[PDB]
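Source file: my_file.tsv (TSV, C-alpha atoms and all ligand atoms)
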chain	number	residue	atom	x	y	z
R	1	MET	CA	113.97	77.57	89.92
R	2	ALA	CA	111.47	78.89	92.47
R	3	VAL	CA	110.09	75.60	93.79
R	4	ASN	CA	111.88	72.24	93.93
R	5	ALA	CA	108.96	70.06	95.03
R	6	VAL	CA	105.56	69.98	96.72
R	7	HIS	CA	104.91	67.84	99.79
R	8	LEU	CA	101.18	67.24	100.14
R	9	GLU	CA	100.15	65.72	103.48
R	10	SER	CA	97.88	62.70	102.99
R	11	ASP	CA	94.74	64.27	104.48
R	12	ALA	CA	94.83	67.30	102.18
R	13	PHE	CA	95.29	64.84	99.32
R	14	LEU	CA	92.14	62.92	100.26
R	15	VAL	CA	90.18	66.19	100.25
R	16	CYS	CA	91.29	67.02	96.71
R	17	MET	CA	90.55	63.40	95.79
R	18	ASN	CA	87.01	63.57	97.15
R	19	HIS	CA	86.17	66.70	95.17
R	20	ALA	CA	87.86	65.36	92.04
R	21	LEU	CA	85.12	62.71	92.12
R	22	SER	CA	82.33	65.29	92.46
R	23	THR	CA	82.13	65.67	88.67
R	24	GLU	CA	79.88	68.73	88.42
R	27	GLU	CA	82.66	75.73	89.21
R	28	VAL	CA	84.72	76.16	92.38
R	29	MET	CA	88.34	76.59	93.47
R	30	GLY	CA	90.42	75.46	96.43
R	31	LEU	CA	92.96	77.15	98.69
R	32	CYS	CA	96.14	75.28	99.61
R	33	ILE	CA	97.30	76.10	103.14
R	34	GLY	CA	100.71	75.29	104.60
R	35	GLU	CA	104.31	76.49	104.58
R	36	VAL	CA	107.62	76.59	102.68
R	37	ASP	CA	111.04	75.45	103.92
R	38	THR	CA	114.73	75.95	103.11
R	39	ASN	CA	114.79	73.49	100.22
R	40	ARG	CA	112.10	75.38	98.28
R	41	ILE	CA	109.57	72.69	99.20
R	42	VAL	CA	105.90	73.61	99.59
R	43	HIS	CA	104.22	71.74	102.45
R	44	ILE	CA	100.44	71.64	102.01
R	45	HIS	CA	98.76	70.61	105.26
R	46	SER	CA	95.16	71.34	104.23
R	47	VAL	CA	92.95	72.38	101.31
R	48	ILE	CA	89.76	74.45	101.52
R	49	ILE	CA	87.30	74.39	98.63
R	50	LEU	CA	84.83	77.23	98.04
R	51	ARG	CA	82.96	78.96	95.21
R	59	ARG	CA	93.06	91.26	88.49
R	60	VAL	CA	93.03	89.50	91.87
R	61	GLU	CA	90.05	89.48	94.23
R	62	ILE	CA	89.31	87.42	97.34
R	63	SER	CA	85.84	87.41	98.92
R	64	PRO	CA	85.43	87.90	102.70
R	65	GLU	CA	83.77	84.48	102.65
R	66	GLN	CA	87.00	83.04	101.25
R	67	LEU	CA	89.13	84.95	103.76
R	68	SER	CA	87.29	83.72	106.86
R	69	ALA	CA	87.48	80.11	105.69
R	70	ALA	CA	91.21	80.37	105.01
R	71	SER	CA	91.94	82.07	108.32
R	72	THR	CA	89.96	79.50	110.30
R	73	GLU	CA	91.99	76.58	108.94
R	74	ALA	CA	95.25	78.51	109.15
R	75	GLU	CA	94.41	78.92	112.83
R	76	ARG	CA	93.59	75.22	113.27
R	77	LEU	CA	96.80	74.17	111.52
R	78	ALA	CA	99.11	76.61	113.30
R	79	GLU	CA	97.57	75.59	116.63
R	80	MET	CA	98.36	71.97	115.79
R	81	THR	CA	101.87	72.32	114.37
R	82	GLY	CA	103.05	75.36	116.33
R	83	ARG	CA	104.40	76.90	113.13
R	84	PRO	CA	102.77	79.84	111.30
R	85	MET	CA	100.69	78.79	108.28
R	86	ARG	CA	99.62	80.55	105.07
R	87	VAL	CA	98.09	80.16	101.62
R	88	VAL	CA	100.69	78.54	99.37
R	89	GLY	CA	98.67	77.29	96.40
R	90	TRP	CA	95.32	76.97	94.64
R	91	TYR	CA	93.36	73.86	93.67
R	92	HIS	CA	90.63	73.02	91.18
R	93	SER	CA	89.26	69.89	89.53
R	94	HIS	CA	89.28	68.75	85.90
R	95	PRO	CA	86.40	66.24	85.72
R	96	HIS	CA	85.52	66.89	82.08
R	97	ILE	CA	88.93	67.75	80.58
R	98	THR	CA	92.48	66.38	80.72
R	99	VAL	CA	94.40	66.96	83.96
R	100	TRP	CA	96.66	69.50	82.27
R	101	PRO	CA	96.26	73.23	83.07
R	102	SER	CA	93.99	75.08	80.65
R	103	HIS	CA	95.48	78.23	79.13
R	104	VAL	CA	93.25	80.13	81.55
R	105	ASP	CA	94.76	78.21	84.47
R	106	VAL	CA	98.24	79.05	83.19
R	107	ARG	CA	97.42	82.76	82.92
R	108	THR	CA	95.71	82.64	86.32
R	109	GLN	CA	98.66	80.92	88.01
R	110	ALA	CA	100.92	83.45	86.27
R	111	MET	CA	99.37	86.47	88.01
R	112	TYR	CA	99.32	84.55	91.28
R	113	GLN	CA	103.10	84.26	90.93
R	114	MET	CA	103.27	88.05	90.67
R	115	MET	CA	102.69	87.96	94.43
R	116	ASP	CA	104.31	84.82	95.86
R	117	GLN	CA	106.54	83.71	92.95
R	118	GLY	CA	106.78	80.32	94.66
R	119	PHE	CA	102.99	80.05	94.60
R	120	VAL	CA	101.73	76.70	93.34
R	121	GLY	CA	99.00	75.54	90.97
R	122	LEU	CA	97.32	72.22	91.72
R	123	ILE	CA	94.88	70.14	89.65
R	124	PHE	CA	93.16	66.79	90.19
R	125	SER	CA	91.32	64.89	87.45
R	126	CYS	CA	89.30	61.67	87.23
R	127	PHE	CA	88.58	62.34	83.56
R	128	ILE	CA	89.03	59.53	81.03
R	129	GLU	CA	88.46	60.08	77.30
R	130	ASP	CA	88.69	56.36	76.51
R	131	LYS	CA	85.04	55.36	76.73
R	132	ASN	CA	85.74	51.62	76.41
R	133	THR	CA	88.10	51.05	79.33
R	134	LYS	CA	86.85	49.51	82.57
R	135	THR	CA	89.80	50.82	84.59
R	136	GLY	CA	89.59	53.72	87.04
R	137	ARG	CA	92.10	56.56	86.83
R	138	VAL	CA	92.89	59.77	88.70
R	139	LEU	CA	95.66	62.18	87.71
R	140	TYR	CA	97.11	65.06	89.71
R	141	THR	CA	99.68	67.56	88.46
R	142	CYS	CA	101.39	70.55	90.06
R	143	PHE	CA	102.35	73.47	87.84
R	144	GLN	CA	103.67	77.02	87.53
R	145	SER	CA	104.08	79.58	84.74
R	146	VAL	CA	106.86	80.88	82.48
R	151	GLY	CA	108.46	88.48	77.19
R	152	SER	CA	105.80	86.65	75.16
R	153	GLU	CA	103.27	84.08	76.38
R	154	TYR	CA	103.41	81.93	79.51
R	155	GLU	CA	103.55	78.13	79.53
R	156	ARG	CA	103.07	75.25	81.96
R	157	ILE	CA	105.98	73.93	84.02
R	158	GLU	CA	105.31	70.80	86.05
R	159	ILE	CA	106.32	70.64	89.71
R	160	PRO	CA	107.17	67.31	91.40
R	161	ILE	CA	104.52	66.40	93.99
R	162	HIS	CA	104.72	63.91	96.86
R	163	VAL	CA	102.27	62.64	99.48
R	164	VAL	CA	102.90	62.16	103.21
W	1	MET	CA	103.80	84.17	118.04
W	2	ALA	CA	103.78	84.32	114.24
W	3	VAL	CA	106.67	86.73	113.67
W	4	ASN	CA	109.68	87.29	115.92
W	5	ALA	CA	111.21	90.28	114.13
W	6	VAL	CA	111.45	92.21	110.86
W	7	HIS	CA	114.78	92.78	109.13
W	8	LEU	CA	114.47	95.74	106.76
W	9	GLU	CA	117.42	96.14	104.38
W	10	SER	CA	118.73	99.71	104.40
W	11	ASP	CA	117.70	100.57	100.83
W	12	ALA	CA	114.06	99.61	101.35
W	13	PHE	CA	114.19	101.73	104.50
W	14	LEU	CA	115.36	104.80	102.58
W	15	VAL	CA	112.45	104.36	100.17
W	16	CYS	CA	109.91	104.37	103.00
W	17	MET	CA	111.79	107.32	104.49
W	18	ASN	CA	111.60	109.33	101.26
W	19	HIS	CA	107.84	108.87	100.95
W	20	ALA	CA	107.30	109.55	104.65
W	21	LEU	CA	108.58	113.04	103.85
W	22	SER	CA	106.18	113.49	100.92
W	23	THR	CA	103.47	114.80	103.26
W	24	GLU	CA	100.48	114.79	100.89
W	27	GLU	CA	96.57	108.46	99.54
W	28	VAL	CA	98.77	105.54	98.50
W	29	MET	CA	100.09	102.23	99.86
W	30	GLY	CA	103.32	100.28	99.55
W	31	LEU	CA	104.15	96.62	98.98
W	32	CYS	CA	106.93	95.02	101.02
W	33	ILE	CA	108.85	92.41	99.02
W	34	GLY	CA	111.24	89.83	100.46
W	35	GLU	CA	111.29	86.51	102.30
W	36	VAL	CA	110.88	84.73	105.64
W	37	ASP	CA	113.38	82.42	107.36
W	38	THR	CA	113.47	79.71	110.05
W	39	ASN	CA	113.47	82.14	112.97
W	40	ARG	CA	110.17	83.74	111.93
W	41	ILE	CA	112.07	86.80	110.68
W	42	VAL	CA	110.68	88.82	107.78
W	43	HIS	CA	113.41	90.08	105.43
W	44	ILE	CA	112.23	93.07	103.41
W	45	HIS	CA	114.59	93.70	100.49
W	46	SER	CA	112.47	96.30	98.67
W	47	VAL	CA	109.30	98.39	98.91
W	48	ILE	CA	107.08	99.48	96.01
W	49	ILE	CA	104.67	102.38	96.47
W	50	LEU	CA	101.57	102.77	94.29
W	51	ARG	CA	98.04	104.18	94.43
W	59	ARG	CA	87.43	92.19	100.89
W	60	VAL	CA	90.83	91.99	99.19
W	61	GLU	CA	91.55	93.32	95.70
W	62	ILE	CA	94.82	93.91	93.85
W	63	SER	CA	94.92	95.88	90.60
W	64	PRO	CA	96.83	94.52	87.56
W	65	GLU	CA	98.87	97.72	87.81
W	66	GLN	CA	99.89	96.68	91.32
W	67	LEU	CA	100.62	93.10	90.23
W	68	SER	CA	102.99	94.03	87.41
W	69	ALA	CA	104.95	96.39	89.64
W	70	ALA	CA	105.30	93.75	92.36
W	71	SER	CA	106.33	91.02	89.92
W	72	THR	CA	108.94	93.23	88.25
W	73	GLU	CA	110.75	93.91	91.53
W	74	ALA	CA	110.32	90.33	92.73
W	75	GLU	CA	112.12	89.37	89.53
W	76	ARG	CA	114.88	91.93	90.06
W	77	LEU	CA	115.40	90.82	93.66
W	78	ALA	CA	115.32	87.07	92.99
W	79	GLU	CA	117.76	87.57	90.12
W	80	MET	CA	120.09	89.37	92.51
W	81	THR	CA	119.85	87.12	95.56
W	82	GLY	CA	119.17	83.79	93.85
W	83	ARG	CA	116.38	83.09	96.33
W	84	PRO	CA	112.65	83.27	95.49
W	85	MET	CA	110.98	86.50	96.64
W	86	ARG	CA	107.40	87.45	97.53
W	87	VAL	CA	105.12	90.06	99.08
W	88	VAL	CA	105.57	89.91	102.85
W	89	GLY	CA	104.10	93.18	104.08
W	90	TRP	CA	102.35	96.47	103.31
W	91	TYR	CA	103.52	100.05	103.88
W	92	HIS	CA	101.86	103.44	104.18
W	93	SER	CA	102.77	106.84	105.60
W	94	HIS	CA	101.33	108.80	108.53
W	95	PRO	CA	102.31	112.42	107.76
W	96	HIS	CA	99.32	114.02	109.47
W	97	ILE	CA	98.63	111.59	112.33
W	98	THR	CA	100.64	109.71	114.96
W	99	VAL	CA	102.76	106.78	113.73
W	100	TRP	CA	100.42	104.28	115.38
W	101	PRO	CA	98.08	102.16	113.21
W	102	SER	CA	94.62	103.64	112.78
W	103	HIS	CA	91.73	101.30	113.60
W	104	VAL	CA	91.28	100.97	109.84
W	105	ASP	CA	94.92	99.88	109.49
W	106	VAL	CA	94.40	97.32	112.25
W	107	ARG	CA	91.30	95.90	110.56
W	108	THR	CA	93.08	95.98	107.20
W	109	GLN	CA	96.16	94.18	108.52
W	110	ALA	CA	93.80	91.71	110.20
W	111	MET	CA	92.27	90.48	106.93
W	112	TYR	CA	95.73	90.43	105.36
W	113	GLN	CA	96.70	87.94	108.07
W	114	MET	CA	93.80	85.75	106.97
W	115	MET	CA	96.08	84.84	104.06
W	116	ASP	CA	99.70	84.93	105.24
W	117	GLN	CA	99.27	85.00	109.04
W	118	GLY	CA	102.89	86.14	109.26
W	119	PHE	CA	102.07	89.10	107.02
W	120	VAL	CA	103.40	92.40	108.32
W	121	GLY	CA	102.06	95.93	108.66
W	122	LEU	CA	104.53	98.79	108.31
W	123	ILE	CA	104.12	102.53	108.96
W	124	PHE	CA	106.47	105.52	108.73
W	125	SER	CA	105.66	108.96	110.15
W	126	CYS	CA	107.36	112.36	110.21
W	127	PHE	CA	104.38	113.85	112.04
W	128	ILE	CA	104.97	116.05	115.09
W	129	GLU	CA	102.08	117.52	117.09
W	130	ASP	CA	104.37	119.76	119.13
W	131	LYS	CA	104.29	122.94	117.06
W	132	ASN	CA	107.01	124.69	119.08
W	133	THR	CA	109.88	122.21	118.77
W	134	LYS	CA	112.73	122.82	116.32
W	135	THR	CA	113.80	119.18	116.30
W	136	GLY	CA	113.15	116.77	113.43
W	137	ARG	CA	111.60	113.38	114.11
W	138	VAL	CA	110.61	110.28	112.15
W	139	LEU	CA	108.95	107.23	113.70
W	140	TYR	CA	108.46	103.78	112.17
W	141	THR	CA	106.51	100.92	113.73
W	142	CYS	CA	105.77	97.37	112.61
W	143	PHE	CA	102.48	95.80	113.67
W	144	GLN	CA	100.02	92.91	113.42
W	145	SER	CA	96.50	92.17	114.65
W	146	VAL	CA	94.86	90.21	117.48
W	151	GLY	CA	86.38	86.62	119.34
W	152	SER	CA	85.74	90.36	119.73
W	153	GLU	CA	87.74	93.24	118.25
W	154	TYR	CA	91.32	93.23	116.97
W	155	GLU	CA	94.15	95.29	118.43
W	156	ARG	CA	97.67	96.41	117.51
W	157	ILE	CA	100.68	94.27	118.41
W	158	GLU	CA	104.09	95.82	117.74
W	159	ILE	CA	106.76	93.82	115.92
W	160	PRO	CA	110.49	94.49	116.50
W	161	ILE	CA	112.09	96.02	113.39
W	162	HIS	CA	115.77	96.25	112.46
W	163	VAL	CA	117.72	97.81	109.58
W	164	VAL	CA	120.57	96.26	107.59
O	201	ZN	ZN	91.16	74.36	84.82
O	202	ZN	ZN	97.02	104.60	108.40
Can you turn what I pasted into structure tokens?
Amino acid sequence: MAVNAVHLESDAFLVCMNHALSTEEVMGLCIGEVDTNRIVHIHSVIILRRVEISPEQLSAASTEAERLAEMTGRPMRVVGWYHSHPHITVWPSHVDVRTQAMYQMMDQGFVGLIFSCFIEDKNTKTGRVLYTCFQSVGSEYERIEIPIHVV
Amino acid sequence: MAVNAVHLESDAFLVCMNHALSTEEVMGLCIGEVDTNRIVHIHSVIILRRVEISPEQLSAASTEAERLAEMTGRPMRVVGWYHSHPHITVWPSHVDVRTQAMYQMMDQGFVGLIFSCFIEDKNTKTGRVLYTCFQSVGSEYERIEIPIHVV
């Protein structure tokens, strides 16, 4: 079992929350660290528009990794990826599962993260936001949920 | 200081050594882990032919990351990149420094690794192989050597 849990610091949570409400095609970059107990600490999340990473994406990631490392004193890095599900259920689409899968070909403890304000019940007057953390598992891959906590 | 030292297990060393002798354009992928003391453990190295990673490169990396994690029990990942300097000095070319620099925009503790059997003295009868570990540091980037040990 690669990752036991994911500790998401409250500020990075609020960022994902704010974009989950956007309700509009982008993807986020989770930045933080991993400790002895296979726990992924996410201190910040940056949201921007085979495996390829644009120089625009690199500079944004590096800038926050600098700001975080300068704050904490510890070295930071990209540990996960975020995107929103405003028009579908919070669960990872089969594309997300196959995407996360090839991400794990590099970090193996890499993490998939999804927020969703979507509600199919069109008669309820009650607000809802879901957030799940997932990975991937011959033959096809499938979702495996990772416990996620907020600090 | 992102990384204190690099612990390179003896078998991964021999691999880099074997290709350093090839004397012939490829690049290697260092696979391992990082611990509390900012030490990069490299358990294996795979050598194959903006930031882009081919699906051919991904499958190779994942396969060894599986084999290592199955052996050690701990989760593995890509921690560095290797290439040989058979026709130049062991020191990182300015391209290597700029390459390593944008690698660090993702991992920050990511490591550059170079082996070299090159000897400019054409009158000496004595064999030599150098290996250095480096990173990158507004304005231009420059080489910063990382201590490297073999297990
Ligand atoms: Zn999706
Ligand atoms: Zn070079």
Within 6 Å of chain R: residues of chain W, using all atoms listed in the file, as a ChimeraX atom specification: /W:2,59-64,67,71,84,86-87,114-117
Identify, on the basis of all atoms listed in the file, every residue whose closest approach to residue W:90 does not exceed 8 Å; exclude the query and any residue fewer than 2 positions from it along the same chain; express the result as a tab-separated table (two decimals) with C-alpha atoms, keeping the file's coordinate frame.
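Resulting contents of result-v1.tsv:
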chain	number	residue	atom	x	y	z
W	29	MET	CA	100.09	102.23	99.86
W	30	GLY	CA	103.32	100.28	99.55
W	31	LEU	CA	104.15	96.62	98.98
W	32	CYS	CA	106.93	95.02	101.02
W	88	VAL	CA	105.57	89.91	102.85
W	92	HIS	CA	101.86	103.44	104.18
W	120	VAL	CA	103.40	92.40	108.32
W	121	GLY	CA	102.06	95.93	108.66
W	122	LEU	CA	104.53	98.79	108.31
Shell of 10 Å around ligand ZN 201 (chain O) (only C-alpha atoms and all ligand atoms), written as a PyMOL selection string: chain R and resi 27+29+91-106+108+122-125
Interatomic distance (Å, one decimal) between atom CA of residue R:129 and atom CA of residue R:89: 27.7 Å
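Here atom CA of residue R:81 stands at a distance of 9.8 Å from atom CA of residue R:45.
Of note, atom CA of residue R:22 and atom CA of residue R:162 are spaced 22.9 Å apart.
With distances restricted to only C-alpha atoms and all ligand atoms, W:109 is the closest residue to ligand ZN 202 (chain O) from W:10, W:76, W:44, W:109.
With distances restricted to all atoms listed in the file, W:6 is the closest residue to residue W:43 from W:19, W:145, W:11, W:6.
Among W:164, W:17, W:42, W:49, the residue with the shortest atom-to-atom distance to residue W:138, counting only C-alpha atoms, is W:17.
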8 Å contact set for residue R:137, all atoms listed in the file, chain neighbours under 4 positions out, as a ChimeraX atom specification: /R:126-128
